[PDB]
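Below, in structure tokens: the form deposited in one PDB entry, a single chain.
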């Protein structure tokens, strides 16, 4: 038996009313499938939603430990194992997901094989093990048949564009996703829908289309019970408030911090967000990570030092950054910081260049402001604001 099955059976002997309870939490609407699941090995709910909602309602503090068990004990050729693959990737449970994936690409179900290979391409692109060209080529050679992997093959490209700072392709691509074509796996369709909400929130943020951003993050939160999507919803709301409402932005970052207490990845993410917030508002910054050589963290140190006219320290940090390789992502902020330290307009023109190149219409308000403060001609500021990059 499965740890989940063991625990449910134990807890049943002491509380019978759980059955009508669990059945309602699982959507079932008469407990026969619950009974069947508990009493017969290898039995499966029609939708992965059922066992997930049960585990979240009855054993939240154990969700990982149990589901890692359950997922890894599934027949890989089933609909439940494909649903479990998406469950793993969505929660960023990369152990469950990666093992599932190597079991799925070798197996004898065509659908599970296709899922495994596409999600494999997503994981390889995520870790910069293959190029985007190689990802597209591989996806093309798969002759994807299912609507689910038709949608996800576009989704993984969206994630890659988001994390590499290549925002201009995102809008046209996300419009191509059509989730109404998913009819066989409602768990996958609903989770993909949440993904689309968060991604559209991000696209709206990067277009400086801010009310929209927050609305789509609202929809994402209402549509999910997955911690990852809640985390990035609060991150995006708070970030959309970066230039306008200090307390509400910090409030969303602190909410996200509070729901991801034990998870160090999310913790680092919200700490970096609060650090950037305090640097934008030129306040004292207790969120700076002084024991890091990541480009983000060093940039935020330099930003703070620049804010408080600690020019020797800022110059030391920028030397550190000079000895590191930047992607086009990081370069705009690099030139913004150099421009502020050196009192230099040309640097702000370079920063604007790279914000345009990445099609980032949100953060580009930082260099523009500086040019405005330095007395830049108003019509010229309009021009720089409205032209864009090929």
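Positions refer to the first chain, counted from 1.
A second form of this protein, the form deposited with a partner chain bound, is not displayed here; the remarks below concern that form.
In plain terms, the part of the chain that comes close to the partner chain in the bound PDB entry, with a heavy atom within 4.5 Å, is 273-281 out of 94-102, 113-121, 273-281, 67-75. Contact annotation: residue 362 falls within 4.5 Å of the partner chain in the bound PDB entry, judged by heavy atom distances.
When contacts are judged by a 4.5 Å heavy atom cut-off, residue 287 does not count as touching the partner chain in the bound PDB entry. Among heavy atoms of residue 300, some come within 4.5 Å of the partner chain in the bound PDB entry. In the bound PDB entry, the partner chain lies farther than 4.5 Å from every heavy atom of residue 308. None of 219, 228, 255, 189 but one reaches within 4.5 angstroms of the partner chain in the bound PDB entry through a heavy atom, and that residue is 228. Only one of 198, 88, 304, 81 lies close to the partner chain in the bound PDB entry, with a heavy atom inside 4.5 Å, and it is 198.
Contact check at 4.5 Å (heavy atoms) against the partner chain in the bound PDB entry: all three of 167, 236 and 269 pass.
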